[PDB]
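> The structure is given below, and queries will be raised subsequently.
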Amino acid sequence: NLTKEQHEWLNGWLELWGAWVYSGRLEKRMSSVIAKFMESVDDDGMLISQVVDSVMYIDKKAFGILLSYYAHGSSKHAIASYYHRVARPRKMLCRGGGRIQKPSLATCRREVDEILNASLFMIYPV
DNA sequence: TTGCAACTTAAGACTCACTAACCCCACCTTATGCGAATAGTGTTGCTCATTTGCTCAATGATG
(Lines give C-alpha, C1' and ligand atoms only; values in the text may rest on other atoms or scores of the structure.)
Protein backbone atom coordinates (compact mmCIF):
# COMPACT_ATOMS: atom_id res chain seq x y z
CA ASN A 1 0.00 0.00 0.00
CA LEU A 2 1.15 3.56 -0.63
CA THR A 3 1.55 6.16 2.06
CA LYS A 4 -0.35 9.40 2.26
CA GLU A 5 2.58 11.65 1.46
CA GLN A 6 2.96 9.61 -1.71
CA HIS A 7 -0.80 10.01 -2.16
CA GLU A 8 -0.70 13.80 -1.94
CA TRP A 9 2.57 14.04 -3.86
CA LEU A 10 1.62 11.98 -6.89
CA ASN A 11 -1.92 13.28 -6.44
CA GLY A 12 -0.71 16.82 -7.09
CA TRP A 13 1.37 15.50 -9.97
CA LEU A 14 -1.73 13.96 -11.52
CA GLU A 15 -3.63 17.17 -10.91
CA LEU A 16 -1.19 19.31 -12.89
CA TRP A 17 -0.76 16.36 -15.23
CA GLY A 18 -4.44 16.05 -16.09
CA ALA A 19 -4.83 19.83 -16.09
CA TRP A 20 -1.96 19.89 -18.57
CA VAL A 21 -3.26 17.12 -20.83
CA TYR A 22 -6.93 18.08 -20.81
CA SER A 23 -6.15 21.45 -22.34
CA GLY A 24 -5.11 19.42 -25.40
CA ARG A 25 -1.35 19.95 -25.28
CA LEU A 26 -0.56 16.26 -25.76
CA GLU A 27 -0.16 14.43 -29.05
CA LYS A 28 -1.83 11.36 -30.55
CA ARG A 29 1.41 9.40 -30.40
CA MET A 30 1.35 8.85 -26.63
CA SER A 31 -1.68 6.57 -26.80
CA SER A 32 -4.62 5.84 -29.03
CA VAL A 33 -6.51 5.82 -25.73
CA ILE A 34 -5.16 9.26 -24.89
CA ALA A 35 -6.17 10.05 -28.46
CA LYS A 36 -9.55 8.51 -27.63
CA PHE A 37 -9.93 10.87 -24.70
CA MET A 38 -8.87 13.80 -26.89
CA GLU A 39 -11.64 12.66 -29.24
CA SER A 40 -13.91 13.45 -26.28
CA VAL A 41 -13.21 17.12 -25.62
CA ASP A 42 4.86 20.64 -20.94
CA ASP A 43 7.61 18.09 -20.67
CA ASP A 44 6.33 17.37 -17.18
CA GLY A 45 3.04 16.15 -18.61
CA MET A 46 4.78 14.21 -21.37
CA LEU A 47 7.22 12.54 -18.96
CA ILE A 48 4.38 11.56 -16.64
CA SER A 49 2.27 10.65 -19.68
CA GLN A 50 4.99 8.20 -20.71
CA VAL A 51 4.95 6.90 -17.12
CA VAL A 52 1.18 6.51 -16.80
CA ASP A 53 0.77 5.23 -20.34
CA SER A 54 3.59 2.76 -19.70
CA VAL A 55 2.11 1.33 -16.49
CA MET A 56 -1.61 1.68 -17.24
CA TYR A 57 -1.12 0.86 -20.92
CA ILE A 58 -2.34 -2.68 -20.44
CA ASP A 59 -5.78 -2.16 -18.89
CA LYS A 60 -7.07 1.04 -20.59
CA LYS A 61 -10.34 0.91 -18.68
CA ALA A 62 -9.04 2.18 -15.37
CA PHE A 63 -6.70 4.31 -17.45
CA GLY A 64 -9.77 5.94 -18.97
CA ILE A 65 -11.26 6.14 -15.48
CA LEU A 66 -8.04 7.81 -14.40
CA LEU A 67 -8.48 10.36 -17.15
CA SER A 68 -12.08 10.86 -16.05
CA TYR A 69 -11.04 11.62 -12.50
CA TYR A 70 -7.92 13.63 -13.14
CA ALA A 71 -8.05 14.93 -16.70
CA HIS A 72 -11.73 15.76 -16.61
CA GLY A 73 -12.17 16.22 -12.88
CA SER A 74 -15.18 14.05 -12.16
CA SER A 75 -16.47 13.09 -8.75
CA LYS A 76 -15.99 9.53 -7.55
CA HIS A 77 -19.68 9.17 -6.82
CA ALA A 78 -20.76 9.92 -10.36
CA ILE A 79 -18.17 7.49 -11.72
CA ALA A 80 -19.46 4.71 -9.51
CA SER A 81 -22.96 5.85 -10.39
CA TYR A 82 -22.54 5.35 -14.16
CA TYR A 83 -20.49 2.24 -13.38
CA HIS A 84 -23.41 0.85 -11.44
CA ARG A 85 -25.53 1.84 -14.41
CA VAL A 86 -23.46 -0.23 -16.84
CA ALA A 87 -23.43 -3.22 -14.50
CA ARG A 88 -23.86 -6.79 -15.58
CA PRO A 89 -24.96 -9.70 -13.41
CA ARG A 90 -21.98 -11.51 -11.91
CA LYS A 91 -21.21 -14.24 -9.38
CA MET A 92 -20.50 -12.84 -5.92
CA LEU A 93 -20.70 -14.65 -2.56
CA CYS A 94 -22.91 -11.97 -1.27
CA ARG A 95 -24.42 -10.79 1.98
CA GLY A 96 -27.40 -12.18 0.10
CA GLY A 97 -25.66 -15.13 -1.48
CA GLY A 98 -23.83 -16.64 -4.44
CA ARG A 99 -26.73 -15.96 -6.79
CA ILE A 100 -26.07 -14.10 -10.02
CA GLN A 101 -27.27 -10.52 -10.18
CA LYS A 102 -26.34 -6.90 -10.65
CA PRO A 103 -24.33 -5.63 -7.68
CA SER A 104 -25.14 -2.73 -5.42
CA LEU A 105 -23.95 0.82 -5.60
CA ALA A 106 -21.71 0.63 -2.54
CA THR A 107 -19.94 -2.34 -4.08
CA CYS A 108 -19.26 -0.22 -7.14
CA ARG A 109 -17.96 2.50 -4.85
CA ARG A 110 -15.63 -0.07 -3.27
CA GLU A 111 -14.43 -1.09 -6.71
CA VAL A 112 -13.66 2.45 -7.83
CA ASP A 113 -11.79 2.88 -4.55
CA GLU A 114 -9.71 -0.25 -4.92
CA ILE A 115 -9.00 0.31 -8.59
CA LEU A 116 -7.94 3.78 -7.55
CA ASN A 117 -5.62 2.51 -4.83
CA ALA A 118 -4.21 -0.23 -7.02
CA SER A 119 -3.86 2.16 -9.95
CA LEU A 120 -1.94 4.73 -7.89
CA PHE A 121 -0.04 1.88 -6.28
CA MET A 122 1.16 0.55 -9.62
CA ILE A 123 1.98 4.02 -10.90
CA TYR A 124 4.01 5.40 -7.96
CA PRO A 125 7.51 3.81 -8.23
CA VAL A 126 7.51 4.59 -11.94
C1' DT B 1 -119.58 47.09 22.74
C1' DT B 2 -115.48 45.57 22.33
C1' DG B 3 -111.64 42.55 22.97
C1' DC B 4 -110.43 37.85 22.41
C1' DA B 5 -110.17 33.01 21.80
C1' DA B 6 -111.42 30.30 18.33
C1' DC B 7 -112.37 28.66 13.97
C1' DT B 8 -111.41 28.88 8.82
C1' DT B 9 -108.92 29.73 4.82
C1' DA B 10 -105.00 30.50 2.27
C1' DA B 11 -100.03 30.72 1.15
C1' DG B 12 -95.91 28.69 1.18
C1' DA B 13 -91.93 25.37 1.93
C1' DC B 14 -90.48 20.39 1.50
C1' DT B 15 -90.48 15.37 -0.34
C1' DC B 16 -91.20 12.31 -3.79
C1' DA B 17 -91.66 9.65 -7.60
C1' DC B 18 -90.02 0.94 -11.20
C1' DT B 19 -86.13 -2.53 -11.94
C1' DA B 20 -81.95 -4.33 -14.23
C1' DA B 21 -78.72 -4.06 -18.51
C1' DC B 22 -75.77 -2.32 -22.83
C1' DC B 23 -73.52 1.37 -26.25
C1' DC B 24 -71.42 6.22 -27.38
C1' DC B 25 -69.00 10.85 -26.31
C1' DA B 26 -67.40 15.01 -23.29
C1' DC B 27 -64.94 16.12 -19.54
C1' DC B 28 -61.31 22.23 -16.95
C1' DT B 29 -55.00 27.94 -18.65
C1' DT B 30 -51.68 33.41 -18.29
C1' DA B 31 -46.65 39.42 -15.60
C1' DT B 32 -42.78 40.48 -15.13
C1' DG B 33 -38.61 40.52 -12.14
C1' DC B 34 -35.61 40.03 -8.26
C1' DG B 35 -33.59 38.46 -4.21
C1' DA B 36 -34.07 35.49 -0.39
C1' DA B 37 -34.93 31.26 1.41
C1' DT B 38 -35.28 26.76 1.32
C1' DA B 39 -35.20 22.23 -0.13
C1' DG B 40 -32.90 19.07 -2.47
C1' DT B 41 -29.28 16.63 -3.93
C1' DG B 42 -24.47 15.48 -4.37
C1' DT B 43 -20.00 13.72 -2.30
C1' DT B 44 -17.66 11.54 0.67
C1' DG B 45 -15.63 9.20 4.70
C1' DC B 46 -17.30 6.27 7.46
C1' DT B 47 -20.70 1.81 9.86
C1' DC B 48 -23.41 -2.57 10.53
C1' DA B 49 -25.69 -6.61 9.59
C1' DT B 50 -25.60 -11.14 7.07
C1' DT B 51 -24.45 -15.40 4.22
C1' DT B 52 -20.87 -19.01 2.94
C1' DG B 53 -16.69 -21.50 3.14
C1' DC B 54 -14.25 -23.32 6.17
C1' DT B 55 -11.65 -24.96 10.45
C1' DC B 56 -11.39 -26.90 15.23
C1' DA B 57 -13.21 -30.24 18.55
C1' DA B 58 -14.82 -34.14 20.46
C1' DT B 59 -17.13 -39.10 20.76
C1' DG B 60 -19.01 -43.09 19.93
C1' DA B 61 -18.90 -46.15 15.83
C1' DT B 62 -16.01 -48.88 13.42
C1' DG B 63 -11.52 -51.25 11.84
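Just so we're on the same page: first chain in the C-alpha coordinates is A, next is B, and so on; residues restart at 1 for each chain, and ligands are numbered from 1 in the order they show up.
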Among chain A, which residues does DSSP mark as helix (DSSP H, G or I) when it is run on the backbone? Keep the chain and numbering as in the structure and answer as a ChimeraX atom specification.

/A:4-25,32-38,43-55,61-71,76-85,105-123

> Produce a table with one row for each residue of chain A that has an atom at most 12 Å from any atom of chain B, each row naming the nearest atom pair and its distance in Å at one decimal; use only C-alpha atoms (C1' of nucleotides); arrange rows by chain and rising residue number; format as a Markdown table.


```
| residue | atom | partner | partner_atom | distance |
| --- | --- | --- | --- | --- |
| A:74 | CA | B:43 | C1' | 11.0 |
| A:75 | CA | B:43 | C1' | 7.4 |
| A:76 | CA | B:43 | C1' | 7.8 |
| A:77 | CA | B:43 | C1' | 6.4 |
| A:78 | CA | B:43 | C1' | 8.9 |
| A:79 | CA | B:43 | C1' | 11.4 |
| A:80 | CA | B:43 | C1' | 11.6 |
| A:81 | CA | B:42 | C1' | 11.5 |
| A:92 | CA | B:52 | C1' | 10.8 |
| A:93 | CA | B:52 | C1' | 7.0 |
| A:94 | CA | B:51 | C1' | 6.7 |
| A:95 | CA | B:51 | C1' | 5.1 |
| A:96 | CA | B:51 | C1' | 6.0 |
| A:97 | CA | B:51 | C1' | 5.8 |
| A:98 | CA | B:52 | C1' | 8.3 |
| A:99 | CA | B:51 | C1' | 11.3 |
| A:109 | CA | B:44 | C1' | 10.6 |
| A:113 | CA | B:44 | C1' | 11.7 |
```

> Near residue 73 in chain A, within 10 Å and counting only C-alpha atoms (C1' of nucleotides), which residues show up once chain neighbours fewer than 6 positions away are dropped, as a PyMOL selection string?

chain A and resi 15+18-19+22+66-67

> Write a file of the just-selected residues containing N, CA, C and O atoms, as a PDB file, in the first residue's frame.


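This went into result_32.pdb:
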```pdb
ATOM      1  N   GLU A  15      -2.777  16.006 -10.749  1.00  0.00           N
ATOM      2  CA  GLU A  15      -3.627  17.172 -10.905  1.00  0.00           C
ATOM      3  C   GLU A  15      -3.067  18.120 -11.952  1.00  0.00           C
ATOM      4  O   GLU A  15      -3.782  18.510 -12.884  1.00  0.00           O
ATOM      5  N   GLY A  18      -3.172  16.068 -15.380  1.00  0.00           N
ATOM      6  CA  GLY A  18      -4.441  16.054 -16.087  1.00  0.00           C
ATOM      7  C   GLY A  18      -4.896  17.439 -16.500  1.00  0.00           C
ATOM      8  O   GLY A  18      -5.539  17.608 -17.541  1.00  0.00           O
ATOM      9  N   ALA A  19      -4.558  18.452 -15.697  1.00  0.00           N
ATOM     10  CA  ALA A  19      -4.835  19.827 -16.094  1.00  0.00           C
ATOM     11  C   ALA A  19      -3.981  20.226 -17.287  1.00  0.00           C
ATOM     12  O   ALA A  19      -4.386  21.068 -18.097  1.00  0.00           O
ATOM     13  N   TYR A  22      -5.530  17.885 -20.440  1.00  0.00           N
ATOM     14  CA  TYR A  22      -6.927  18.076 -20.812  1.00  0.00           C
ATOM     15  C   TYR A  22      -7.140  19.370 -21.580  1.00  0.00           C
ATOM     16  O   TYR A  22      -8.110  19.501 -22.334  1.00  0.00           O
ATOM     17  N   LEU A  66      -9.043   6.915 -14.944  1.00  0.00           N
ATOM     18  CA  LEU A  66      -8.037   7.806 -14.398  1.00  0.00           C
ATOM     19  C   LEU A  66      -8.069   9.148 -15.102  1.00  0.00           C
ATOM     20  O   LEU A  66      -7.927  10.200 -14.468  1.00  0.00           O
ATOM     21  N   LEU A  67      -8.293   9.125 -16.414  1.00  0.00           N
ATOM     22  CA  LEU A  67      -8.476  10.364 -17.153  1.00  0.00           C
ATOM     23  C   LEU A  67      -9.771  11.055 -16.762  1.00  0.00           C
ATOM     24  O   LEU A  67      -9.852  12.288 -16.779  1.00  0.00           O
TER      25      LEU A  67
END
```

> One decimal, in Å: what's the spacing between CA of residue 35 in chain A and CA of residue 121 in chain A?

24.4 Å

> Rounded to one decimal place, report the CA of residue 60 in chain A-CA of residue 122 in chain A distance in Å.

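Going from CA of residue 60 in chain A over to CA of residue 122 in chain A, I get 13.7 Å.
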
> Calculate how many Å separate CA of residue 38 in chain A from CA of residue 84 in chain A, rounding to one decimal.

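Computed distance, CA of residue 38 in chain A to CA of residue 84 in chain A, equals 24.8 Å.
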